[PDB]
$ cat upload-v2.pdb   # PDB, N, CA and C atoms
ATOM      1  N   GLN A   1      59.342 114.992  70.920
ATOM      2  CA  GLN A   1      60.817 114.981  70.795
ATOM      3  C   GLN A   1      61.225 115.082  69.325
ATOM      4  N   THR A   2      61.050 116.267  68.755
ATOM      5  CA  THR A   2      61.474 116.531  67.388
ATOM      6  C   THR A   2      62.938 116.945  67.385
ATOM      7  N   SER A   3      63.281 117.748  68.379
ATOM      8  CA  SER A   3      64.641 118.208  68.601
ATOM      9  C   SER A   3      64.714 118.736  70.023
ATOM     10  N   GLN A   4      63.961 119.798  70.243
ATOM     11  CA  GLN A   4      63.702 120.357  71.563
ATOM     12  C   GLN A   4      62.890 121.639  71.402
ATOM     13  N   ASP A   5      63.577 122.770  71.392
ATOM     14  CA  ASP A   5      62.952 124.052  71.110
ATOM     15  C   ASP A   5      63.471 124.554  69.774
ATOM     16  N   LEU A   6      63.210 123.780  68.731
ATOM     17  CA  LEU A   6      63.754 124.068  67.413
ATOM     18  C   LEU A   6      62.962 125.176  66.732
ATOM     19  N   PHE A   7      61.775 124.843  66.249
ATOM     20  CA  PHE A   7      60.921 125.815  65.596
ATOM     21  C   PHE A   7      59.477 125.354  65.642
ATOM     22  N   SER A   8      58.610 126.205  66.150
ATOM     23  CA  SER A   8      57.206 125.872  66.256
ATOM     24  C   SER A   8      56.372 126.880  65.481
ATOM     25  N   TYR A   9      55.372 126.394  64.763
ATOM     26  CA  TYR A   9      54.475 127.268  64.023
ATOM     27  C   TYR A   9      53.047 127.080  64.485
ATOM     28  N   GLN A  10      52.246 128.104  64.295
ATOM     29  CA  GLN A  10      50.826 128.013  64.557
ATOM     30  C   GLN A  10      50.075 127.985  63.241
ATOM     31  N   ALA A  11      49.070 127.147  63.163
ATOM     32  CA  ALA A  11      48.308 126.986  61.942
ATOM     33  C   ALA A  11      47.359 128.156  61.716
ATOM     34  N   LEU A  12      47.401 128.685  60.506
ATOM     35  CA  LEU A  12      46.531 129.774  60.082
ATOM     36  C   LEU A  12      45.186 129.242  59.610
ATOM     37  N   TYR A  13      45.195 128.014  59.103
ATOM     38  CA  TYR A  13      44.012 127.422  58.493
ATOM     39  C   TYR A  13      43.850 125.980  58.932
ATOM     40  N   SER A  14      42.711 125.402  58.582
ATOM     41  CA  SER A  14      42.489 123.981  58.747
ATOM     42  C   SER A  14      42.706 123.286  57.405
ATOM     43  N   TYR A  15      43.689 122.407  57.350
ATOM     44  CA  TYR A  15      44.053 121.746  56.104
ATOM     45  C   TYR A  15      43.789 120.253  56.181
ATOM     46  N   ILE A  16      43.287 119.718  55.085
ATOM     47  CA  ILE A  16      42.988 118.305  54.979
ATOM     48  C   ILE A  16      44.087 117.617  54.181
ATOM     49  N   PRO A  17      44.950 116.864  54.875
ATOM     50  CA  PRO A  17      46.107 116.196  54.268
ATOM     51  C   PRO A  17      45.724 115.264  53.126
ATOM     52  N   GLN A  18      46.588 115.213  52.122
ATOM     53  CA  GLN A  18      46.360 114.387  50.946
ATOM     54  C   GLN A  18      46.680 112.937  51.265
ATOM     55  N   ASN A  19      47.457 112.750  52.317
ATOM     56  CA  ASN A  19      47.873 111.427  52.749
ATOM     57  C   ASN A  19      47.965 111.362  54.260
ATOM     58  N   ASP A  20      47.991 110.144  54.782
ATOM     59  CA  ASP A  20      48.126 109.921  56.216
ATOM     60  C   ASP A  20      49.564 110.169  56.649
ATOM     61  N   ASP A  21      50.434 110.351  55.666
ATOM     62  CA  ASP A  21      51.822 110.693  55.921
ATOM     63  C   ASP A  21      51.948 112.202  56.112
ATOM     64  N   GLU A  22      50.903 112.926  55.717
ATOM     65  CA  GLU A  22      50.836 114.360  55.981
ATOM     66  C   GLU A  22      50.164 114.626  57.317
ATOM     67  N   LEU A  23      50.391 115.819  57.825
ATOM     68  CA  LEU A  23      49.942 116.198  59.153
ATOM     69  C   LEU A  23      48.679 117.036  59.057
ATOM     70  N   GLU A  24      47.725 116.749  59.930
ATOM     71  CA  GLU A  24      46.464 117.461  59.938
ATOM     72  C   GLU A  24      46.614 118.824  60.576
ATOM     73  N   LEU A  25      46.441 119.845  59.763
ATOM     74  CA  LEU A  25      46.537 121.207  60.235
ATOM     75  C   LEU A  25      45.153 121.719  60.552
ATOM     76  N   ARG A  26      45.022 122.377  61.674
ATOM     77  CA  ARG A  26      43.747 122.916  62.093
ATOM     78  C   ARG A  26      43.938 124.341  62.565
ATOM     79  N   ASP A  27      42.982 125.194  62.232
ATOM     80  CA  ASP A  27      43.069 126.624  62.528
ATOM     81  C   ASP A  27      43.365 126.877  64.004
ATOM     82  N   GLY A  28      44.593 127.309  64.276
ATOM     83  CA  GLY A  28      44.998 127.634  65.631
ATOM     84  C   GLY A  28      45.829 126.548  66.296
ATOM     85  N   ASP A  29      45.977 125.410  65.633
ATOM     86  CA  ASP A  29      46.778 124.309  66.166
ATOM     87  C   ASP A  29      48.259 124.611  65.959
ATOM     88  N   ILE A  30      49.107 124.098  66.835
ATOM     89  CA  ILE A  30      50.537 124.352  66.753
ATOM     90  C   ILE A  30      51.283 123.117  66.269
ATOM     91  N   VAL A  31      52.246 123.334  65.390
ATOM     92  CA  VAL A  31      53.072 122.251  64.874
ATOM     93  C   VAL A  31      54.556 122.595  64.982
ATOM     94  N   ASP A  32      55.313 121.708  65.607
ATOM     95  CA  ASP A  32      56.755 121.875  65.721
ATOM     96  C   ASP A  32      57.440 121.264  64.513
ATOM     97  N   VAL A  33      58.121 122.089  63.741
ATOM     98  CA  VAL A  33      58.801 121.628  62.541
ATOM     99  C   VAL A  33      60.239 121.218  62.851
ATOM    100  N   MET A  34      60.606 120.025  62.402
ATOM    101  CA  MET A  34      61.936 119.490  62.640
ATOM    102  C   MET A  34      62.792 119.564  61.378
ATOM    103  N   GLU A  35      62.174 119.339  60.224
ATOM    104  CA  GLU A  35      62.905 119.324  58.969
ATOM    105  C   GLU A  35      62.222 120.219  57.945
ATOM    106  N   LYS A  36      63.026 120.843  57.103
ATOM    107  CA  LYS A  36      62.532 121.808  56.136
ATOM    108  C   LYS A  36      62.817 121.371  54.708
ATOM    109  N   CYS A  37      61.767 121.247  53.916
ATOM    110  CA  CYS A  37      61.921 121.059  52.485
ATOM    111  C   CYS A  37      61.963 122.424  51.825
ATOM    112  N   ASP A  38      62.899 122.611  50.905
ATOM    113  CA  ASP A  38      63.054 123.895  50.227
ATOM    114  C   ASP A  38      61.863 124.160  49.312
ATOM    115  N   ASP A  39      61.025 123.145  49.137
ATOM    116  CA  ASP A  39      59.838 123.275  48.306
ATOM    117  C   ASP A  39      58.723 123.982  49.072
ATOM    118  N   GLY A  40      58.911 124.158  50.376
ATOM    119  CA  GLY A  40      57.998 124.987  51.131
ATOM    120  C   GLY A  40      57.232 124.216  52.176
ATOM    121  N   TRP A  41      56.995 122.944  51.911
ATOM    122  CA  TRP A  41      56.333 122.095  52.879
ATOM    123  C   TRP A  41      57.372 121.613  53.883
ATOM    124  N   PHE A  42      56.967 121.436  55.125
ATOM    125  CA  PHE A  42      57.901 121.140  56.190
ATOM    126  C   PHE A  42      57.512 119.856  56.912
ATOM    127  N   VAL A  43      58.418 119.338  57.726
ATOM    128  CA  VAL A  43      58.143 118.147  58.519
ATOM    129  C   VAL A  43      58.026 118.514  59.988
ATOM    130  N   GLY A  44      56.941 118.086  60.605
ATOM    131  CA  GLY A  44      56.634 118.520  61.952
ATOM    132  C   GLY A  44      55.736 117.551  62.690
ATOM    133  N   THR A  45      55.338 117.939  63.890
ATOM    134  CA  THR A  45      54.447 117.144  64.705
ATOM    135  C   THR A  45      53.336 118.022  65.257
ATOM    136  N   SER A  46      52.132 117.481  65.297
ATOM    137  CA  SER A  46      50.986 118.215  65.792
ATOM    138  C   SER A  46      51.045 118.301  67.309
ATOM    139  N   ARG A  47      50.881 119.499  67.834
ATOM    140  CA  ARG A  47      50.895 119.721  69.270
ATOM    141  C   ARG A  47      49.646 119.137  69.930
ATOM    142  N   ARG A  48      48.547 119.102  69.190
ATOM    143  CA  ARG A  48      47.277 118.649  69.742
ATOM    144  C   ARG A  48      47.150 117.130  69.693
ATOM    145  N   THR A  49      47.423 116.552  68.537
ATOM    146  CA  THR A  49      47.210 115.125  68.342
ATOM    147  C   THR A  49      48.534 114.353  68.260
ATOM    148  N   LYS A  50      49.644 115.088  68.334
ATOM    149  CA  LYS A  50      50.984 114.513  68.491
ATOM    150  C   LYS A  50      51.323 113.519  67.390
ATOM    151  N   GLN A  51      50.883 113.816  66.182
ATOM    152  CA  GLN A  51      51.195 112.977  65.040
ATOM    153  C   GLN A  51      52.349 113.577  64.254
ATOM    154  N   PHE A  52      53.101 112.727  63.579
ATOM    155  CA  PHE A  52      54.321 113.146  62.905
ATOM    156  C   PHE A  52      54.241 112.893  61.404
ATOM    157  N   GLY A  53      54.752 113.839  60.634
ATOM    158  CA  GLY A  53      54.795 113.696  59.196
ATOM    159  C   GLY A  53      55.163 114.993  58.524
ATOM    160  N   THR A  54      54.678 115.171  57.317
ATOM    161  CA  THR A  54      54.937 116.377  56.563
ATOM    162  C   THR A  54      53.693 117.248  56.524
ATOM    163  N   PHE A  55      53.890 118.539  56.644
ATOM    164  CA  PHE A  55      52.791 119.476  56.598
ATOM    165  C   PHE A  55      53.182 120.685  55.765
ATOM    166  N   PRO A  56      52.265 121.164  54.938
ATOM    167  CA  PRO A  56      52.469 122.381  54.168
ATOM    168  C   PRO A  56      52.643 123.591  55.078
ATOM    169  N   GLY A  57      53.870 124.101  55.159
ATOM    170  CA  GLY A  57      54.155 125.245  56.016
ATOM    171  C   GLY A  57      53.654 126.544  55.414
ATOM    172  N   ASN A  58      52.633 126.420  54.585
ATOM    173  CA  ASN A  58      51.979 127.552  53.962
ATOM    174  C   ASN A  58      50.729 127.900  54.762
ATOM    175  N   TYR A  59      50.416 127.044  55.728
ATOM    176  CA  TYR A  59      49.248 127.227  56.577
ATOM    177  C   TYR A  59      49.665 127.414  58.022
ATOM    178  N   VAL A  60      50.899 127.839  58.236
ATOM    179  CA  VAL A  60      51.420 128.003  59.583
ATOM    180  C   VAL A  60      52.269 129.268  59.676
ATOM    181  N   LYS A  61      52.370 129.801  60.881
ATOM    182  CA  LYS A  61      53.063 131.064  61.130
ATOM    183  C   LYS A  61      54.179 130.888  62.149
ATOM    184  N   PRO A  62      55.341 131.507  61.886
ATOM    185  CA  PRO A  62      56.518 131.420  62.758
ATOM    186  C   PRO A  62      56.266 131.989  64.150
ATOM    187  N   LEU A  63      56.370 131.129  65.152
ATOM    188  CA  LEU A  63      56.181 131.532  66.536
ATOM    189  C   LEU A  63      57.522 131.782  67.212
ATOM    190  N   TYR A  64      57.474 131.898  68.529
ATOM    191  CA  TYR A  64      58.663 132.089  69.342
ATOM    192  C   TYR A  64      58.666 131.080  70.484
ATOM    193  N   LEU A  65      59.800 130.947  71.155
ATOM    194  CA  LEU A  65      59.955 129.947  72.204
ATOM    195  C   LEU A  65      60.904 130.434  73.296
TER     196      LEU A  65
END

$ encode --input "upload-v2.pdb" --output "structure tokens"
Amino acid sequence: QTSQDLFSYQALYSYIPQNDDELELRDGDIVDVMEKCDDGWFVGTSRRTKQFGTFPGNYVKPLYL
């Protein structure tokens, strides 16, 4: 429950978060982004492990819904 069908991305790479407040990105995993930082990193939730935080939207690709 980030919003509903707001915006979902698929991970291009597997990324190791610098903090537990960041989201674990894994190659092919999907993350729904709820909030956008203009700095490029976004806030989302992991579709696989359902964790919430910030993730670098540099490792994800714009999907459709």

$ closest_residue --input "upload-v2.pdb" --among "A:62, A:5, A:57, A:51" --to "residue A:23" --atoms "all atoms listed in the file"
A:51

$ axis_aligned_box --input "upload-v2.pdb" --around "stretch 39-51 of chain A" --padding-each-side "3 Å" --output "lines of an AutoDock Vina configuration file"
center_x = 54.1
center_y = 119.0
center_z = 59.1
size_x = 19.9
size_y = 18.0
size_z = 27.6

$ resolve_selection --input "upload-v2.pdb" --expression "the PyMOL selection byres ((chain A and resi 30) around 5)" --output "ChimeraX atom specification"
/A:9-11,28-29,31-32,46-47

$ write_last_selection --input "upload-v2.pdb" --atoms "N, CA and C atoms" --output "compact mmCIF listing (two decimals), in the frame of the given file"
# COMPACT_ATOMS: atom_id res chain seq x y z
N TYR A 9 55.37 126.39 64.76
CA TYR A 9 54.48 127.27 64.02
C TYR A 9 53.05 127.08 64.48
N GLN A 10 52.25 128.10 64.30
CA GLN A 10 50.83 128.01 64.56
C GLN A 10 50.08 127.98 63.24
N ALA A 11 49.07 127.15 63.16
CA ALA A 11 48.31 126.99 61.94
C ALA A 11 47.36 128.16 61.72
N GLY A 28 44.59 127.31 64.28
CA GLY A 28 45.00 127.63 65.63
C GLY A 28 45.83 126.55 66.30
N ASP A 29 45.98 125.41 65.63
CA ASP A 29 46.78 124.31 66.17
C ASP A 29 48.26 124.61 65.96
N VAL A 31 52.25 123.33 65.39
CA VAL A 31 53.07 122.25 64.87
C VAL A 31 54.56 122.60 64.98
N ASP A 32 55.31 121.71 65.61
CA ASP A 32 56.76 121.88 65.72
C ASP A 32 57.44 121.26 64.51
N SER A 46 52.13 117.48 65.30
CA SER A 46 50.99 118.22 65.79
C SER A 46 51.04 118.30 67.31
N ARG A 47 50.88 119.50 67.83
CA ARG A 47 50.90 119.72 69.27
C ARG A 47 49.65 119.14 69.93

$ resolve_selection --input "upload-v2.pdb" --expression "the PyMOL selection byres (((chain A and resi 2-4 and name CA) around 10) and name CA)" --output "JSON, numbers by chain"
{"A": [1, 5, 6, 7, 32, 33, 34, 35, 43, 44, 45, 52]}

$ select_by_dssp --input "upload-v2.pdb" --residues "chain A" --states "strand (DSSP E or B)" --output "PyMOL selection string"
chain A and resi 8-11+15+22+25+30-36+41-46+52-56+60-62

$ residues_around --input "upload-v2.pdb" --residues "residue A:22" --least-positions-apart "5" --cutoff "7 Å" --atoms "only N, CA and C atoms" --output "MDAnalysis selection string"
chainID A and resid 17 52:55

$ atom_distance --input "upload-v2.pdb" --atom1 "atom CA of residue A:27" --atom2 "atom N of residue A:56"
13.1 Å

$ atom_distance --input "upload-v2.pdb" --atom1 "atom C of residue A:20" --atom2 "atom N of residue A:64"
26.0 Å

$ atom_distance --input "upload-v2.pdb" --atom1 "atom N of residue A:42" --atom2 "atom CA of residue A:58"
8.0 Å

$ residues_around --input "upload-v2.pdb" --residues "residue A:13" --least-positions-apart "5" --cutoff "5 Å" --atoms "all atoms listed in the file" --output "MDAnalysis selection string"
chainID A and resid 25:27 59

$ write_last_selection --input "upload-v2.pdb" --atoms "N, CA and C atoms" --output "PDB file, in the coordinates of the input"
ATOM      1  N   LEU A  25      46.441 119.845  59.763  1.00  0.00           N
ATOM      2  CA  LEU A  25      46.537 121.207  60.235  1.00  0.00           C
ATOM      3  C   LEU A  25      45.153 121.719  60.552  1.00  0.00           C
ATOM      4  N   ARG A  26      45.022 122.377  61.674  1.00  0.00           N
ATOM      5  CA  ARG A  26      43.747 122.916  62.093  1.00  0.00           C
ATOM      6  C   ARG A  26      43.938 124.341  62.565  1.00  0.00           C
ATOM      7  N   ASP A  27      42.982 125.194  62.232  1.00  0.00           N
ATOM      8  CA  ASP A  27      43.069 126.624  62.528  1.00  0.00           C
ATOM      9  C   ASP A  27      43.365 126.877  64.004  1.00  0.00           C
ATOM     10  N   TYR A  59      50.416 127.044  55.728  1.00  0.00           N
ATOM     11  CA  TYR A  59      49.248 127.227  56.577  1.00  0.00           C
ATOM     12  C   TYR A  59      49.665 127.414  58.022  1.00  0.00           C
TER      13      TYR A  59
END
